[PDB]
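Chemist: Give me the fold of what follows.
(one chain, ligands or ions: 5)
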Amino acid sequence: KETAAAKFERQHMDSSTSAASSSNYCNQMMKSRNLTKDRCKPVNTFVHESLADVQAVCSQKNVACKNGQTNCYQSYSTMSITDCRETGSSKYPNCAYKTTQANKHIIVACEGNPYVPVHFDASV
Ligand SMILES: [Cl-]
Ligand SMILES: [Cl-]
Ligand SMILES: [Cl-]
Ligand SMILES: [Cl-]
Ligand SMILES: [Cs+]
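Modeler: Residues are numbered from 1 along each chain as shown. Ligands and ions are numbered 1, 2, ... in the order given. Please find the structure below.
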């Protein structure tokens, strides 16, 4: 039901903050974005740039996706991101995440018309 583009936005965009606040940032965002609803999503990255800047990566450097697809694009500059990863002691429904703030290039897979990000492949 949710489109691939809308799901990308819900799971990865956080333009309201320039960077991960506290160490509690991942526990509040994984929950508020309904990512701990049926289970604990194990890993997830949030991008703290405007939607328009993330969408423009689809016109940047074309690289291979980890899965071998060729519709991946690496951003030219680094972006503010937050990595959210379940801790060894996380157990649904008590999901617990480690927040790691970093500044790096993002690699996204793009598709459709308009050609927008539909999958977060990795950061470098
Ligand atoms: Cl959409
Ligand atoms: Cl939702
Ligand atoms: Cl991710
Ligand atoms: Cl994804
Ligand atoms: Cs930037």
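Chemist: Residue numbers of the protein in contact with ligand 3?
Modeler: The chain has residues 44-45, 120 near ligand 3, with proximity defined as Cβ under 5 Å from the ion. No exception for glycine: its C-beta is placed from N, CA and C like everyone else's.
Chemist: the helices in this structure, which residues?
Modeler: 4-12, 25-32, 51-55 (DSSP state H).
Chemist: among these, which is the most enclosed?
Modeler: Most buried of the helices of the chain, by mean neighbour count (mean count of other Cβ atoms under 10 Å): helix 25-32, with a mean of 18.
Chemist: related to what we said a few turns ago, relative to ligand 4, which of the helices of the chain is closest?
Modeler: Of all those, helix 4-12 sits nearest to ligand 4, with 5.9 Å by Cβ to the ion.
Chemist: what about the closest one, near ligand 1?
Modeler: Yes. Judged by Cβ under 5 Å from the ion, helix 4-12 and ligand 1 are in contact via 5-6.
Chemist: chain center to that helix, what's the gap?
Modeler: Centroid separation for helix 4-12 versus its chain: 9 Å, with Cα atoms, centre = their mean, to the nearest Å.
Chemist: again, but for stretch 33-52
Modeler: 6 Å.
Chemist: near ligand 4, which residues of this protein?
Modeler: Neighbours of ligand 4 within the chain, by Cβ under 5 Å from the ion: 119-120.
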